[PDB]
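>>> In their complex positions, the first chains:
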Amino acid sequence: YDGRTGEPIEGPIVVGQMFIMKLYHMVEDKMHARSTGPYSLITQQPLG
């Protein structure tokens, strides 16, 4: 049954138990932003 309308999905749906894992790739560790910051010595370009 659809939870928003209470009507059934028009065809039968495959449902069951699955084993799912959470991976070490988390968006908390990856989001990064910069306006200005440190610059390199020789090239005077932003660091990485």
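Everything's here; your move. Residues are numbered from 1 along each chain as shown, chains lettered A, B, ... in the order given.

>>> which ones are touching residue A:46?
With contact set as CB atoms under 8 Å, 6 or more residues apart in numbering, residue A:46 has these partners: A:34, A:37-40. For the C-beta atoms, the positions are set from N, CA and C on the backbone; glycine is no exception.

>>> run the last query once more with 6 Å
Shown in contact with residue A:46 (CB atoms under 6 Å, 6 or more residues apart in numbering): residue A:39.

>>> That one and residue A:23: what is the separation?
According to CB to CB, to the nearest Å, residue A:46 and residue A:23 sit 30 Å apart.

>>> what's the distance between the residue of chain A most remote from its centre and residue A:13?
Most distant from the centre of chain A: residue A:42, at 36.5 Å, with distances by CA atoms, centre = their mean. Separation of residue A:42 from residue A:13 (CB to CB) stands at 61 Å.

>>> again, but for residue A:48
Using CB to CB, one gets 47 Å for the distance from residue A:48 to residue A:13.

>>> what's the answer for residue A:47, then?
The gap separating residue A:47 from residue A:13 is 51 Å, by CB to CB.

>>> Spatially central residue in chain A, please.
What sits nearest the mean C-alpha location of chain A, by CA atoms, centre = their mean, is residue A:27, with 5.6 Å.

>>> Find the helix or strand that that residue is a member of.
Assigned by DSSP states H and E, residue A:27 falls within no helix or strand.

>>> what about residue A:48 and residue A:13, which has more around it?
The residue with more neighbours, out of residue A:48 and residue A:13, is residue A:13; 7 against 4, by other CB atoms under 10 Å.

>>> tell me which element the residue farthest from the centre of chain A is part of?
Going by DSSP H and E, residue A:42 is not in any helix or strand.

>>> who's in contact with it?
Taking CB under 6 Å, 6+ apart, one finds nothing in contact with residue A:42.

>>> one more chain, chain B:
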Amino acid sequence: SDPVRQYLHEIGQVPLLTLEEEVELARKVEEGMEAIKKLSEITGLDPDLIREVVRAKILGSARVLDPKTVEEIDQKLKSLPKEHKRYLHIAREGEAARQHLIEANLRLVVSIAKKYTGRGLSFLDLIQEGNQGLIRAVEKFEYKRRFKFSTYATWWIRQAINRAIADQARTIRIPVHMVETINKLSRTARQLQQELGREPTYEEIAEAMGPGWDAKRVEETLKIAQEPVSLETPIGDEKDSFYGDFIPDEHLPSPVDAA
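That brings us to chain B, laid onto the chains above:
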């Protein structure tokens, strides 16, 4: 390529000496120096200038003070009546003997210098500094004492090699005495570790060094002995990251500070 084998070939292209030739050459050099000083007294000029012009005339046109003045003084030396052109002759012969003695003894330099590899100077630099020491020893040798030339020359060759190592092995120059202090500290720590079964502490090294030495002084001496690292040291398995890519610039003002 391989300049070491090339130099070794040029070195071996000169025959060694026997005792007769070596003592003859050393005597010739000594008489040449005496003749040079006698000629300087006769003509009133400086011994150094006369030695330089005589060496220039001996080495010839191949080795590039100027031709005008050297020819002037060489003609002034030809103006001597007699018993003084003889001194000129012995001077020239002594300079030729000096050249021959150095060339013949160049092999001892290589034999000595082969034991100082892996201390911050390449093999050919060690050989050249040993050659400089050999030239010094030829300058200072005395054949009257009936000592073989190698006996006296080895000391000067070793002195030249060690002074060169202490002078040119580090990117940041450290004075000679404090280089000896560092080497003594390393030897003392190594023997302390060998006896103790583990790395010594600064207090134990200070005690082993002797009076006037404590843990703070040992720490400072070990601090200054650190060598700089390369800004081009690779980081990671791939050849895409270097060390200097992680070092920011602190001198130039940031845009925020300028505003």
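
>>> again for the contacts of residue A:46, chain B present now?
Applying CB atoms under 6 Å, 6 or more residues apart in numbering or on different chains to residue A:46 gives the contacts residue A:39.

>>> Likewise for residue B:130?
B:109, B:113, B:157, B:160-161.

>>> how near is it to residue B:114?
Residue B:130 sits 10 Å away from residue B:114 when distances are taken as CB to CB.

>>> now swap in residue A:41 and tell me
With distances taken as CB to CB, residue A:41 is found 41 Å from residue B:114.

>>> okay, the two: which has more neighbours?
Higher neighbour count among residue A:41 and residue B:114: residue A:41, with 16 against 12, using other CB atoms under 10 Å in any protein chain shown.

>>> ok, and the closest non-adjacent residue to the more buried one?
Excluding the flanking residues, the one nearest residue A:41 by CB to CB, 6 or more residues apart in numbering or on different chains is residue B:249, at 4.7 Å.

>>> just residue B:163 next, same as before
Leaving aside its sequence neighbours, residue B:163 sits nearest to residue B:176 (CB to CB, 6+ apart; 7.2 Å).

>>> Go through stretch B:81-91 and flag the buried ones.
For stretch B:81-91, a neighbour-count test (16 or more other CB atoms under 10 Å in any protein chain shown) marks B:84, B:87-88, B:90-91 as buried.

>>> re earlier: which member of the contacts of residue B:130 is positioned nearest chain A?
Among the contacts of residue B:130, residue B:161 lies closest to chain A (CB to the nearest CB), at 37.0 Å.

>>> Can you spell out which helices and strands pack onto the regular element (helix or strand) spanning the closest one?
Using DSSP H and E, residue B:161 sits within helix B:149-168. When contacts are defined as 3 or more CB pairs under 6 Å, 6 or more residues apart in numbering or on different chains; DSSP states H and E, helix B:149-168 packs onto helix B:85-113, helix B:123-140.

>>> if you set the cut-off to 10 Å instead, what comes out?
Under the contact definition 3 or more CB pairs under 10 Å, 6 or more residues apart in numbering or on different chains; DSSP states H and E, helix B:149-168 sits against helix B:19-43, helix B:85-113, helix B:123-140, helix B:176-196.
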